[PDB]
Amino acid sequence: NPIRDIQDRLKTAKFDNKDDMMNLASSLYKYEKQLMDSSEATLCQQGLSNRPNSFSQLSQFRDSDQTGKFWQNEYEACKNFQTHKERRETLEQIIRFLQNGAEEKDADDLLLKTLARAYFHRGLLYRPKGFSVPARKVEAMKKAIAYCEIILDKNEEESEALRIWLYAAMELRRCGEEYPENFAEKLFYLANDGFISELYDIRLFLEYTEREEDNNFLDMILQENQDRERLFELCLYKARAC
Amino acid sequence: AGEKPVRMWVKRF
Amino acid sequence: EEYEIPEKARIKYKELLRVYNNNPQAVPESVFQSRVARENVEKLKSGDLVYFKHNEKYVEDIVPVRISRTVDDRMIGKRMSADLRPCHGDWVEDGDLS
RNA sequence: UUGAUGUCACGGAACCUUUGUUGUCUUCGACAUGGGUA
Ligand SMILES: [Zn+2]
């Protein structure tokens, strides 16, 4: 029960504490979201016990009052769904709920990172219905770039925002579109950040090498462990490095 | 209605 | 020696005012009605002469005349079991849900 | 405010998806009033 979760959060909640206030907001956010969906949880017709105390705690919370952390955990649930139908639907809900926060001037970077990453992942799931590349896939990859550029203007070397910007830029190339204007500059900054031992990031460093002829990242690529699931990708990456 | 206080003679027993 | 007026006593007095005004058995002649009923008093203002009941520092009840009405300090919802109240109902506690 | 020996843009349906629904007997008996007396 979402209501039972809220009631438990109210029993042990310190408003100066940040761990409790994050759990209480999570229970409140989850209960509201299940209401908007006409899910079977809406059949819970009970209320909160200890009304005078529940009212005071809820009233203090609203005066004391993160959106980013609740929705970040909702996205991490998407990445574990087996079917593309399951992932495509949940990405639909995340995008529509986080659109309001993106418009706000005082928008948390965690909210913007989650929304840009949700646009990128939804862009990968657009099924073609013709000879042309889907126009929605191009728009999704461009929206993800726009959100990341909001973060990148404040901090030109944000580690995750650069990666999401570079992920969407590569998929624009795969769709026949050219690279964005600052693709050379954004790619240089990730090289300054260091080296990431992830297959989906190694290809970004190979693009850096082909444009800057810098050999520092190549030996790191050739030392990768070969116990990973997508072994064909790593063999191709090492052949490019060799 | 007591807007202006008034002095009066009172007798008690 | 002065005593404090809590928000409870003001609400009881404001309930008392509308009972005087909305009296279906009130005399037709406004001259025979009380000052509260005749002038249609709707709030307690400064300089008003009343009869008050106090305990220790705080006041309890306020009446305009010597013999008047005793307004209950609870809503009638508190005078029945909380289980017998409507499953979805109204707020009878202190403070406003607004 | 064009450029010219080359424009199918009348080459492209703002299209697709969501019950104004839910809950309530046109019902009915005890008062009203503030002092007065000492
Ligand atoms: Zn009921």
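Chain identifiers are assigned alphabetically (A, B, ...) following the order of the sequence lines, protein sequences preceding nucleic acid strands; residue numbering begins at 1 within each chain.
No engagement by C:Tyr51 is indicated, since no non-hydrogen atom pair under 4.0 Å with the nucleic acid exists. Nucleic acid contact class of C:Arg35 (heavy atoms, under 4.0 Å, all strands): none.
The shortest distance between the side-chain N/O atoms of C:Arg69 and the OP1/OP2 oxygens of D:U33 is below 4.0 Å. Residue C:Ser34 places no side-chain N or O under 4.0 Å from the OP1 or OP2 atom of D:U33.
In this structure, C:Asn22 places its CG atom 18 Å from P of D:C31, rounding to the nearest Å. Distance A:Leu43 CG to D:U22 P: 16 Å, rounded to the nearest Å. Straight-line distance from the CD1 atom of C:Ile67 to the P atom of D:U37: 13 Å, rounded to whole Å. Atom CZ in A:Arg136 sits roughly 11 Å away from atom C1' in D:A14 (whole-Å rounding). Atom CD of A:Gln45 is separated from atom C1' of D:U22 by 11 Å (rounded to the nearest Å). Following rounding to the nearest Å, C:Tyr20 (OH) and D:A32 (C1') show an atom-to-atom distance of 11 Å. As a whole-Å value, the separation of C:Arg66 CZ from D:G35 P is 10 Å. In this structure, C:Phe32 places its CZ atom 15 Å from P of D:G35, rounding to the nearest Å.
Here C:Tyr3 and C:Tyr58 keep their ring centres 6.0 angstrom or further from each other. A distance of 6.0 Å or more separates the ring centres of A:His121 and A:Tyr119.
Stacking status of D:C8 with D:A9: not stacked, per the base-ring test of centres under 5.5 Å and planes under 30°. For the neighbouring bases D:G35 and D:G36, a stacking contact is recorded, both ring-centre distance under 5.5 Å and ring-plane angle under 30° holding. Remark: D:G29 and D:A30 stack on each other (six-membered ring centres under 5.5 Å, interplanar angle under 30°). Adjacent nucleotides D:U22 and D:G23 have six-membered base rings whose centres lie under 5.5 Å apart with planes inclined under 30°, meeting the stacking criterion. Legend: stacked base step between D:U27 and D:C28; six-membered ring centres less than 5.5 Å apart, planes less than 30° apart.
Annotation: D:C25 and D:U21 have their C1' atoms spaced 22 Å apart (nearest Å). D:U19 and D:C15: their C1' atoms are spaced 23 Å apart (whole Å). With both ends at atom P, the span from D:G12 to D:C8 equals 13 Å, rounded to whole Å. Atom P of D:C10 sits at a distance of 12 Å from the matching atom of D:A14, rounded to the whole Å.
Sugar conformation, D:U17: north. The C1'-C2'-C3'-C4' torsion carries a positive sign. Sugar conformation at D:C8 is north: the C1'-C2'-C3'-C4' dihedral has a positive sign, consistent with the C3'-endo side. With respect to the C1'-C2'-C3'-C4' torsion, D:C28 shows a south sugar, the value lying on the negative side. North puckering is assigned to the sugar ring of D:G23, since its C1'-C2'-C3'-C4' angle is above zero. From the dihedral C1'-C2'-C3'-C4', which is positive here, one reads the pucker of D:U21 as north, toward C3'-endo.
In this structure, D:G11 is classed as syn because its glycosidic torsion stays within 90° of zero.
Note that A:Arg122 lies in the cation-pi zone of A:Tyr126, set by a 6.0 Å cut-off to the ring centre and a 45° limit from the axis.
To the nearest 0.5 Å, atoms CG (C:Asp94) and NZ (C:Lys8) are separated by 7.5 Å.
A:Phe217 and A:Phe205 have parallel rings, their planes meeting at less than 30° on a 0 to 90° scale where 60° marks the start of perpendicular. Using the six-membered ring where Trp is involved, A:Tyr29 and A:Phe70 have ring planes that are parallel, under 30° apart on the 30 and 60° scheme.
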Under the criterion salt bridge (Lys or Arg N to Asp or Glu O under 4.0 Å), I'd like the reasoning laid out for A:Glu74 against A:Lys33: C-alpha separation, chi angles, the key distance, then a yes or no. CA-CA 11 Å; A:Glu74 298 291 337; A:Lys33 179 188 174 176; 3.5 Å; yes
